[PDB]
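Overview (structure and organization)
What follows is the residue order along each chain.
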Amino acid sequence: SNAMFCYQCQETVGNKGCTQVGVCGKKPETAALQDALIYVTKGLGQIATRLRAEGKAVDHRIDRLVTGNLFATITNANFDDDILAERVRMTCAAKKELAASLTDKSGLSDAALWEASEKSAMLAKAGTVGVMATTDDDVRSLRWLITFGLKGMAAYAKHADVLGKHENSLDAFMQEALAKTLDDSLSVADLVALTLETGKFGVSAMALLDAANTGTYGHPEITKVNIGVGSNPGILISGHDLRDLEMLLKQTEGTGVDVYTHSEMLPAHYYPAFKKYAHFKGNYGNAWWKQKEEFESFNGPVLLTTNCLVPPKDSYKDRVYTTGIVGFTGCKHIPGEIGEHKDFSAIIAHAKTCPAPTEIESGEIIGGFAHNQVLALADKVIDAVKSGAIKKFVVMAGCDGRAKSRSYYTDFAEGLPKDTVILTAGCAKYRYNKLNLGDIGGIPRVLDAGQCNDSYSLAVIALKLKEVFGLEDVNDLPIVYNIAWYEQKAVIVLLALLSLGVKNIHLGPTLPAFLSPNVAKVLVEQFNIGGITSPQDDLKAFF
Ligand code: SF4
């Protein structure tokens, strides 16, 4: 008998499932509360969907509850059982109220109807509503593939919402799709269709977030980012939320406290609005998984706006601040998940008592090649492709992680011929953005479009190139896809790319545990998804 079952991230035990404790640190009761939360969120989605079908309004507060619930269960987001149990209660209360407004209550699922206030009852329920509750291998695989894609979609939708952008069609889809994953009548064909539809709405969510980010902070532009440090106390902001950074920068103005980015906050540097704060210093360290070392050496407080937070060492736990849907028991939390005013005064005061950061490297890296910037350079890129100066683009976007095998991505990047350009987005970049790879005709050989959500820009760029070259098929561009994944935002990016018709994606360092043999076969047969081997072998085989 397993104490838990979770297989949603790349590091899952044995590439099969975490059954005792998560490799990420997630304890079984935490896992159970997340399972209960997803269950009642799907129930809420059914009720809201039914209300929409009856012609009844569903308030945007419900949308926010759903996206917050999903995001709270993303890998490395929230380990705080008290917070998770309260989200279960909030969700039960909300769906009971919504169900009261239904004219016809027939056909409501157990998820829609079930409630508990006591944590013990939540844990008991979790035992029968987890991944393994679906007996059929393929239905299970697709249900969870969709659910994980929906988590990624919800994260991006939530960031857009934080910046004041939401689309009824997106929230309605998310809630309908969640409900469909509890509908036992849906066929495998229905679920494959829903998988691809989820990808399509993934593009929509990424487009919305792209519009929100650029509308608020400007279009990213070419930027040199310092990776060394100054001599003032600092705050290190990590995760993805740019609105949190805006508020933090405004509040640190005049204080003598500098602000540094970490992991997926690096791309904040690329936005013109943030360049106007002189105390916005560099990017410190590498991807999320090195944070037990890098948060320690940073010395100042660290603010986690989203995942990935790893269970902190006691050495720096007292200077970890979470916000939004991030949580860890014993770590201070700054309240707010809708972009409302956040008071950073305590973190700023804390920073003044800490030593300045310990430098771990110096120099600069270049980025800011999101869609507006690359389209501004399109003629020169096109000319370089036509002349043979650029023989291939390699999309190496996605997530980094702990696995030793990910040395592959560094070695692959280093071994690429010097007539290739790497396109990147997401923290996967850290496996090769500190190498000395040079340039082709002045175009850097690593073009960083931004955060994992800025994979959207890479798709926009590919589609632009398809148009300019007059190609019928996006796959006839000189682009190889060698994508690394870790968590559920990478899942929605993958589904988005598949919905756009991108084939031949090499995904690694392993393939998700949640793909059943038959589901994997469909992805191979229709999309030619593959994995990785050795860097030297793939440097030959992939081209
Ligand atoms: S999030 Fe990943 S490492 Fe954590 S319990 Fe789930 S599969 Fe395991």
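Residues numbered from 1 in each chain as written, not as in the entry; some residues may be left out. Heavy atoms only, no water.

Judging from the entry metadata, X-ray crystallography is the method by which this structure was determined, and 1.25 Å is the reported resolution.

**A closer look at the packing of helix 2 (residues 60-72) against helix 6 (residues 137-162)**
Between helix 2 and helix 6, the shortest axis-to-axis distance is 8 Å and the interhelical angle comes to 125 degrees. Between helix 2 and helix 6, the interaxial angle falls into the category oblique. When the axes of helix 2 and helix 6 are compared, the crossing they make is left-handed. Listed contacts from helix 6 to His 60, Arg 64, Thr 67, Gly 68, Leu 70 and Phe 71 of helix 2 are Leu 150, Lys 151, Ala 154, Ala 155, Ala 157, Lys 158, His 159 and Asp 161. Taken together, the residues of the contact of helix 2 with helix 6 break down into six nonpolar, four polar and four charged. (Axes fitted to C-alpha atoms, helices over the stretch in contact; angles between N-to-C directions. Helix = DSSP H or I, 4+ residues; strand = E, 2+ residues; numbered from the N terminus. Parallel < 35°, antiparallel > 145°, perpendicular 65-115°, else oblique. Left-handed = near helix turned anticlockwise from the far one by under 90°. Contact = heavy atoms within 4.5 Å. Nonpolar A, V, L, I, M, F, W, Y, C, P; charged D, E, K, R; others polar.)

**Description of the packing of aromatic side chains**
To describe a pair of aromatic rings, one takes the distance between the centres and the angle between the planes. Counting across every chain of the model gives 19 aromatic pairs. Between the aromatic rings of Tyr 7 and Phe 148, the centroid separation amounts to 6.2 Å while the plane-to-plane angle is 80 degrees, which identifies the pairing as edge-to-face. Of the two residues, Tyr 7 sits in the segment before helix 1 (28-53) while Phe 148 sits in helix 6, which places them 141 residues apart along the sequence. Both residues of the pair, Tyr 7 and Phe 148, count as buried. (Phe/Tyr/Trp six-rings, centres within 6.5 Å; stacked < 30°, edge-to-face > 60°. Buried < 20%, exposed > 50% of the residue type's maximum accessible area, 1.4 Å probe, protein only.)

**Brief notes about the sheet that holds strand 5 (residues 302-304)**
What the six strands build is an open sheet, ordered 4-3-2-5-6-7; its pairing is parallel. Edge strands, defined here as strands with exactly one partner in the open sheet, are strand 4 (280-283) and strand 7 (332-334). Put simply, the sheet's adjacent strands are angled 30 degrees from each other on average, direction ignored. Here strand 6 (residues 320-323) runs beside strand 7; their pairing, made up of three bridges, is parallel. Residue pairing in the sheet places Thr 322 in a bridge with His 333 of strand 7. Where helix 9 (residues 242-252) meets the sheet, it contacts strand 2 (234-238), strand 3 (258-261), strand 4, strand 5 and strand 6, and its direction lies at approximately 170 degrees from that of strand 2. (Pairing = 2+ DSSP bridges.)

**As for the site of the ligand**
Around the ligand, the neighbouring residues are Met 4, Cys 6, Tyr 7, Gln 8, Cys 9, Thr 12, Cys 18, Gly 22, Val 23, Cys 24, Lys 26 and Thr 75. Among the cavities detected, the one that contains the ligand is the largest cavity. Taken together, the residues of the shell around the ligand sort by class into seven nonpolar, four polar and one charged. (Near = heavy atom within 4 Å. 1 Å grid on protein atoms, 1.4 Å probe; cavity = no way out; pocket = protein on both sides within 12 Å on 5 of 7 lines; lining within 4 Å. Sits in = over half its atoms within 2 Å of the grid points.)

**Focus: the side chain of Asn 286**
Within the secondary structure layout, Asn 286 lies in the loop between strand 4 and helix 10 (291-298). A polar atom in the side chain of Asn 286 sits 2.8 Å from the side chain of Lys 434. (Polar contact = N/O pair within 3.5 Å; in protein donor to acceptor, adjacent residues only side chain to side chain.)

**Quick notes on the packing of helix 1 against helix 7 (residues 168-180)**
Packed helix pairs are specified by the crossing angle of their axes together with the interaxial distance, meaning the distance between the axes. Axis separation between helix 1 and helix 7 bottoms out at 7 Å; the angle between their running directions is 120 degrees. Considering the angle they form, helix 1 stands oblique to helix 7. Read as a crossing pair, helix 1 and helix 7 show a hand that is left-handed. Where helix 1 abuts helix 7, its residues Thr 41, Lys 42, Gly 45, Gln 46, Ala 48, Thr 49 and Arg 52 lie against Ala 172, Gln 175, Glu 176, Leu 178 and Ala 179. Of the residues that constitute the contact of helix 1 with helix 7, the class distribution is four nonpolar, five polar and three charged.

**Focus: empty space enclosed by the protein**
This structure, assessed with the given rule, holds nine cavities of 30 Å³ or more. Of the voids in this model, the largest cavity is the one considered here, and its volume is about 140 Å³. Taken together, 20 residues line the largest cavity, and the ones lying closest to its centre are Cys 6, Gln 8, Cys 24, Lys 26 and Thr 75. Looking at the lining of the largest cavity, its residues break down into 10 nonpolar, eight polar and two charged. (Points joined across faces, edges and corners; volume = space filled by probe spheres on them.)

**Observations concerning the pairing of strand 8 (residues 364-367)**
The alternating pattern of strand 8 places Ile 365 and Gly 367 on a buried face, while none of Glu 364 and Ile 366, on the opposite face, is buried. Direction of pairing for strand 1 (residues 223-226) relative to strand 8: antiparallel, over a ladder of four bridges. Its bridge partner being in strand 8, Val 225 is matched across the sheet by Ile 365.

**Here we look at the domain arrangement of the chain**
Taken as a whole, the chain is organised into domain 1 (1-139), domain 2 (140-223), domain 3 (225-375) and domain 4 (378-543). For domain 2 and domain 4, the distance between their C-alpha centres works out to 21 Å. On the side of domain 4, 21 residues touch domain 2, which itself brings 22 residues to the contact. Counting each side, the surface lost to burial between domain 2 and domain 4 is near 1900 Å², with a carbon and sulfur contribution of 79%. Counting the surface domain 2 buries against domain 4, the share from its top three residues, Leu 145, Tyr 156 and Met 206, is 29%. Linking domain 2 to domain 4 there are zero salt bridges. (Domains from an automatic or database assignment. Buried area = accessible area lost by both parts, 1.4 Å probe. Salt bridge = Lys/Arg side-chain N within 4 Å of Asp/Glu carboxyl O.)

**Things to note about the sheet that holds strand 14 (residues 479-484)**
Strands sit in the order 13-10-9-14-15 across an open sheet of five strands; the sheet is parallel. In this open sheet, the two edge strands, each paired with only one partner strand, are strand 13 (446-448) and strand 15 (506-508). On average, each strand axis in the sheet is tilted by 20 degrees relative to the strand beside it, whichever way the strands run. Relative to strand 14, helix 14 (residues 407-415) is tilted by about 155 degrees, and along the sheet it contacts strand 9 (392-395), strand 10 (420-424), strand 14 and strand 15.

**A closer look at the environment of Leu 51**
Following the sequence through the fold, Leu 51 ends up in helix 1. A C-alpha to C-alpha distance of 27 Å links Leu 51 and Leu 209, two positions 158 residues apart in sequence. Apart from residues lying up to four places away in sequence, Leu 51 is in contact with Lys 56, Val 58, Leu 98, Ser 101 and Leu 102.

**With respect to the pattern of salt bridges**
Across all of its chains, the model carries 22 salt bridges by this definition. Across the pair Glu 176 and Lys 180 runs a salt bridge, and its minimum N-O distance is 4.0 Å. Residue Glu 176 and its partner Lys 180 are both found in helix 7; the two are separated by four residues, about one turn of the helix. What makes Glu 176 partly exposed here is its relative accessible area of 31%. Here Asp 318 makes a salt bridge to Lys 332, at a shortest N to O gap of 3.1 Å. Pair noted here: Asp 318 is in the loop between strand 5 and strand 6 and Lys 332 is in strand 7, with a separation of 14 residues, a long-range link. For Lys 332, a relative accessible area of 31% gives the class partly exposed.

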